[PDB]
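Notes for the one structure printed next.
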Protein chains: 4
Amino acid sequence: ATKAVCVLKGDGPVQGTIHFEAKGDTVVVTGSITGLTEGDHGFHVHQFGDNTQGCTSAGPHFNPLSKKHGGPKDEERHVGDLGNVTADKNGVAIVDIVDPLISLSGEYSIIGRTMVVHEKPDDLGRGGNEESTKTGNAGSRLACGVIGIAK
Amino acid sequence: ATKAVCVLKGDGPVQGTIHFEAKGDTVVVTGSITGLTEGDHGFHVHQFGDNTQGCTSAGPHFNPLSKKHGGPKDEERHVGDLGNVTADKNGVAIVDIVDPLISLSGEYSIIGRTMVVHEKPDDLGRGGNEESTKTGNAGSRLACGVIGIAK
Amino acid sequence: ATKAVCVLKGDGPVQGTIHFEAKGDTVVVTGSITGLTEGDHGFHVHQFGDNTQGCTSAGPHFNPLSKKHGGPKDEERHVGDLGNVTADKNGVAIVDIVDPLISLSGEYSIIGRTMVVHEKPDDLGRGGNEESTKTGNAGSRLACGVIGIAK
Amino acid sequence: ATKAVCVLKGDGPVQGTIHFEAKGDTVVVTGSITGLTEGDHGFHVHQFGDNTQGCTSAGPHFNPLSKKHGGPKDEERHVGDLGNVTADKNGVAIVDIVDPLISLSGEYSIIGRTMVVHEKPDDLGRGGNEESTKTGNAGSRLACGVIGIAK
Ligand SMILES: [Cu+2]
Ligand SMILES: [Cu+2]
Ligand SMILES: [Cu+2]
Ligand SMILES: [Cu+2]
Ligand SMILES: [Zn+2]
Ligand SMILES: [Zn+2]
Ligand SMILES: [Zn+2]
Ligand SMILES: [Zn+2]
């Protein structure tokens, strides 16, 4: 697959759609998310496309290299670490990410996994506590969806 | 990926969880669907893991061998042709399928695609109209979900 | 039966010949209707090949899947829902339909049933009254005939 | 179908309605025909439900076993060979035939074919000439109709 899609849904008003496209050795991640409080929100690929108990059953960050949490620009990061998306005053975030580590095929493929938008900003591993090194202190899972093959 | 899961949701009361497991050289499909009308309902892997327009955006049946619609025992069938699930009088269908065409990795992978439960029985491609050769006259898509990697 | 024919007759000037042919996996509908008013007229397979009370005794639309009335492109439609034919200013309609639900043998066969051309356009089940969900508000039956096996 | 109907019409005053009902391995043929000259009239299922050029376009006797013409009681007969109906002095014939060879379903089905009442008596193949072995010398087609599925 060179194209993928994710519909983000949660138990509150947060929703959106994310598009994924293979370009060179990168994945180009675009889309939009509504209903968010203004400011940054952690945005991560979680390990499992399991929504049986909601976003919680997606498990931790997709992490096949067994590293600690960081920002997308960091060497020490989880594959699923895409940093922050930014909502404006209207609650809307436009997603425009280009990432070399995630993939839509092969070993680091995110097809069949879960995209999650978080309650709080991702501190990118620089928070000075244990949690920062795990989730970036991004807190609760506002909305999520399984990543699917798109036409 | 040796285990997958799917959570089925639609516009109506129909819901359920489908489990997939790679066992030996085959794929075992289990789970249950509730809120169905008594009797048979088409049960198919649709091509796209795309829920942007609910179940409609899943596209046609997964069909990488470019065949006509059939039953799961037929040579001429789509890879996604898993026949019928059967609901009892309480609207409950127990899912128990072993299938030789689907997989959980490589060309035949259904990870990132869509499981659909239909309004009507699948006629296994033997209805005698053109629709039968496409969908088995299974009709509308009551509920669907993207197939995700499971723990 | 791979070819069928229908001769349309009514109480007024409306007449025509409709040809049906099983081609590939589908049914191609051709022919022409004359004596019509300019514009659209509902064109439907009615259930009974019964002309004992003219076109009235043909009964409702052929509907073996127990659905509501729609257009021929719709999922929710009767098997007999072939939409509209269009008459030009001289009252002539050229019939050119390919249809996935009708057949010329087996469950979906329209052989021995009735082709009806209606007074008014078919609203494709979107008119918003109850009648729309039955007949598309197509109104009276200008002309009809029993579908017969052709050489 | 277990029930069928035919409205007989022609270019003259002969008309009637014929009813067909599946009973055991027979079809029970009933109805009435008016406007006839007193005496016997050949009564046959013709091959095609094609009325585009009137009764003539119905073609020959329905004959899927490729036999010669006889009476309904004869081994050598066409499937469409139902013998004679008898008009009284008032021009009225009451039809009451029970036949094992015609069918309303499967290979010998007469649904979509044509019922014809003839000018002259059917000589039942015993006329001593070539025509007798083809049509029973029943002569012209007074009235006919396509056989349709009835409620
Ligand atoms: Cu996260
Ligand atoms: Cu399907
Ligand atoms: Cu109609
Ligand atoms: Cu004859
Ligand atoms: Zn992380
Ligand atoms: Zn199929
Ligand atoms: Zn209709
Ligand atoms: Zn004969």
Side-chain angles (χ1 to χ4, degrees), chain C residues 4-18 20 31 33-37 40-64 66-70 77-85 87 93 95 102 109-123 125 127 129-148, chain D residues 1-10 15-21 30-34 49 51 104 111-112 114-115 143-151:
Chain C
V5 64
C6 196
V7 174
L8 309 172
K9 279 191 185 84
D11 291 336
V14 182
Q15 62 210 318
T17 300
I18 314 301
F20 306 80
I33 311 182
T34 62
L36 288 167
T37 51
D40 281 8
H41 295 270
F43 189 59
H44 308 142
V45 192
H46 285 244
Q47 189 176 0
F48 308 114
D50 185 339
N51 194 246
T52 58
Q53 304 176 324
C55 301
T56 301
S57 46
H61 299 159
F62 183 41
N63 182 32
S66 302
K67 297 190 179 186
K68 286 167 191 191
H69 179 86
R77 58 165 272 200
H78 299 144
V79 171
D81 286 349
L82 301 185
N84 293 292
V85 296
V95 177
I102 67 186
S109 186
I110 63 166
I111 304 282
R113 308 197 180 270
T114 297
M115 210 58 232
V116 176
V117 61
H118 283 279
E119 189 178 24
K120 294 181 186 288
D122 184 337
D123 72 18
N129 61 4
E130 197 201 14
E131 189 63 34
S132 177
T133 76
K134 302 195 155 167
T135 63
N137 286 287
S140 75
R141 300 170 191 196
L142 299 171
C144 62
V146 186
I147 311 172
Chain D
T2 67
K3 283 190 174 195
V5 69
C6 192
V7 181
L8 305 176
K9 296 171 194 298
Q15 73 196 309
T17 137
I18 313 296
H19 298 284
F20 299 83
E21 181 171 356
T30 54
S32 73
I33 308 167
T34 62
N51 199 50
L104 301 179
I111 306 287
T114 295
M115 209 56 252
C144 63
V146 182
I147 304 168
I149 292 157
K151 185 172 194 175

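Throughout, a chain's letter reflects where its sequence line sits, starting with A, and its residues are numbered from 1. Reckoned from all heavy atoms, side chains included, excluding hydrogens, waters and symmetry mates.
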Donor-acceptor pair, side chain of C/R113 and main chain of C/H46, under 3.5 angstrom
no
Nearest 0.5 Å, what's the CZ-CG distance between C/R141 and C/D11?
13.0 Å
Sub-3.5 Å donor-acceptor pair from the side chain of C/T133 to the main-chain atoms of C/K68, do we have one?
no
Has C/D123 got a side-chain atom pairing as donor or acceptor with C/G125's backbone, closer than 3.5 angstrom?
yes
Specify whether C/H69 and C/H44 have parallel, tilted or perpendicular ring planes, treating 30° as the upper limit for parallel and 60° as the lower limit for perpendicular.
perpendicular
Polar side-chain atom of C/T114 near backbone of C/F48 as donor-acceptor pair, under 3.5 Å:
yes
Donor-acceptor contact below 3.5 Å, side chain C/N84 vs main chain C/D122
yes
Between C/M115 and C/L8, is there a side-chain heavy-atom distance shorter than 4.5 Å?
yes
Rounded to the nearest 0.5 Å, the NZ atom of D/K151 sits from the OG1 atom of C/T52 at a distance of 12.0 Å
Assert yes or no for the condition that the ring centre distance of C/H41 to C/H118 is strictly below 6.0 Å.
no
First locate atom CZ of C/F62, then atom CD1 of C/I110, and finally report the distance between them rounded to the nearest 0.5 Å.
8.5 Å
Flag the pair C/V45 / C/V79 as yes when at least one side-chain heavy-atom distance between them is below 4.5 Å, and no otherwise.
no
Just how far is it from atom SG of D/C6 to atom CG of C/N51, taken to the nearest 0.5 Å?
10.0 Å
Main-chain N/O of C/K67 paired to C/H78 side chain as donor or acceptor, under 3.5 Å
yes
D/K3 side, atom NZ; D/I111 side, atom CD1 - distance, nearest 0.5 Å:
13.0 Å
